[PDB]
C-alpha cells in the first residue's frame, strides 16, 4: 500500500485497486474507500455492441499506482473489463492524489481519459468514498441544495407521519440519485458537499472550472443496484456523496479538493468554503454595497411585498390587474394602517406590452402620472419600489412573439422551446433592457430595480450575455434585486428573491433545511422568500408560523406575495411579520450568521447566532421542548436575545373562533 502522509493525515492507497483511505490522525477516524465493491471509481461507457454499461475501474486489466512526487500519487486504470468478461481495450483513466504538505487537504483530480473505439460518459471518482455507516455514525451528509440541507445518517424521533416517509425513503429510490450545480431547480448553489460524524468532517470543493454532478445515497443499502436482478442487496446502509465527472462534456479541470475538519459539522464546512468564496471573487459585502449606495439601508427590516397583477403572464387581466390608483392605496394602507416602517414594494403589471418589451407604462391602468404618484408616495415613506422587469421571455401569447430573438444549437434547432421565460438569447438582453430602463428610471425617479429569470442560474451557455446585462443594470447604482440568484451574481446585486427551498424536491422527506448558503453569504447578499412560495401561502415548506421562525433562524426577510383581491387577508400576517420578524431582520441584516445548531433530537428546535450579537432560538414543531439548562421553547415559539441584552419570548397560536 502506497502511503502519503503529513502531520495531519495518512493516505493509504491500495496498489491492486487504487482505492484509498484517509486517516485523520488527531481523532483516529478512518474515512474508508467504497464499502460495497471496493471500486476506486465507477465508469459508464459503451461496450462493443454500443450498449451503455457501468464498470468498476478497479477491475481493469492493468492498475498502475506509483508515488510520482513526495506528496503526489499517480494512478492509471487501463482496459476496463465488462460484466461479460470482454475488455474495453484502449480505454484508460489517469488520476492523481495530491496531499497538501501542511494542511489536512487532499486534492483528487482526473488528469486524463482515453476512449479508444468506445465512448465514455459518467465517471464517479472517487466512488462511494467518505461514507457514513447508517445508525452507527451519528452525523449527516451536507448538501447545498438551494439554501441547503443536511441528511442525518441515523434514524431519530420525529412526527409519526414524517417518520414513515423518512424511513421508507431510505429503502427505495427516493434516497439515491444526482443533482447538478448552479440551477434554480433541484440542484446545488455552492460547489461543495460533505459528510461528518461525531468525530470528524470532510468536504470536497469542486474546481472553479468544472461542472460535475453530485450523486447522493442517503442511508440506502444499494437495493437499487439489484432490483432488475431480483436479488436482495448484500450491502450495508451507508451515506455517501460522489462527484460525477461528465467525461463526454467536461472541458474543465476535473479536480475536487477535500478538506478534513476534526470535530467539524456543516457550519465549519460552510466557513471553509467561505474563504474560497472570497478568493473566487463572489463575496462583495453588504457594507461595501451600502458605502456605494446609502439606499441599501432601506432593506434592513423591510418586508418584501409583491403585488401580483397577473403580469407578465397576461396584460391587464380582469380580476387580477391593479390600477395605479389601487397600487397607491395599497402602499398607503401598508404604511398608515399596518404601520410598516420599511418595505420593498414590487408591482407586477405596469406595462401594456408583454416582456421583454417593458414599456410603455400602461394607459389602461392609469398612465405614467398615476404610476409616478404611487411611486412618489412609496418614496415619501422611505420605501423601495420596483416594477416587474424581464428581458429573457418570449411568450406565445405576445403578438410581438418572434423566434428571431431566440438561440439555436449546433444543429440549428431553437433552444428552450419548452421554457418560455428563458428564450431570448442573453446576447440580446442588454439591448432589450436599453430600450426603456433608463427612461423609466429617469421618469419615475427610481431607487430600486428587480429583474426576473436571467440571474436565477449560472450555466455556461449564454454566460457572457448575462454578465453584460448584469454590468449594465449594476451601472445605474440602484438598490437592485433579482430572482433566486447564484453566488456568481452576488457582486452585481443587493438582494435575491428566493435562495430558499423548492416545495417539491428530491431529498425533501429525508433532509432538514440548514442555512448553508447564508452561513457563507449572509454578509454579502440579502435574501427574501420566493414569490411562488411566499410567507402568506401554506405549502410543503410550512405556514406563516413555520416560515416566520425559519426566516429569523436563517437570516432572510419576509415575502408577502399576493393578488390584489387577497390584500385584506394579508393584514394579520403583515402585522405579525412587522412585530416579530422585521426588528430581527433589521438588527441582523449586515451581520455574519456565525453559527446554526439543532438543539432537539427531532431537529425542530434550532439556535442561530449572528455577529450583531443577536441570538435566535425557535421551535418549528408543535410541542414545547426543553434545551440546555431546562429552558423550554414552546411549540411554534421563539426565544431571542437582542443586541442590547433584552430577551424576547413568545409563540404562535392557531385558534378557532365560533360565533
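In this text, rigid core is short for the largest set of C-alphas that superpose within 1.5 Å between two forms. Numbering follows the first chain given and starts at 1.
For this session: Just give me the stretch that moves more in 4 other deposited structures of this protein: 404-412 or 330-338, judged by RMS C-alpha distance after a core fit.
Result: Relative to the shown form, the greater RMS C-alpha distance in 4 other deposited structures of this protein belongs to 404-412.
For this session: On mean C-alpha B-factor from the PDB entry, just flag whether 132-140 or 91-99 is the higher one.
Result: Taking the mean C-alpha B-factor of 132-140 and of 91-99, the larger value falls to 91-99.
Problem set entry | Selected stretch [higher average CA B-factor]: 433-441 or 516-524 | Result of the comparison: 433-441.
Exercise. So among 220, 186, 454, 72, who wins on Cα B-factor in the entry?
Worked result: Within the set 220, 186, 454, 72, 72 shows the top C-alpha B-factor.
Problem set entry | Criterion, highest CA B-factor; candidates, 535, 265, 250, 167 | It is 250.
Exercise. By its CA B factor, does residue 650 count among the lowest, middle or highest third of the modelled residues in the chain?
Worked result: According to the entry, residue 650 has a C-alpha B-factor in the chain's middle third.
For this session: Divide the modelled residues of the chain into thirds by Cα B-factor and specify which third, lowest, middle or highest, holds residue 64.
Result: Ranked within chain, residue 64 CA B lands in the highest tercile.
Problem set entry | residue 579 CA temperature factor, ranked by third within the chain | It belongs to the middle third of the chain when residues are ordered by C-alpha B-factor.
Problem set entry | B-factor third for the C-alpha atom of residue 345 within its chain | Middle third, going by the recorded CA B-factors of the chain.
For this session: Select lowest, middle or highest to describe the third in which the CA B-factor of residue 35 falls within its chain in this entry.
Result: According to the entry, residue 35 has a C-alpha B-factor in the chain's middle third.
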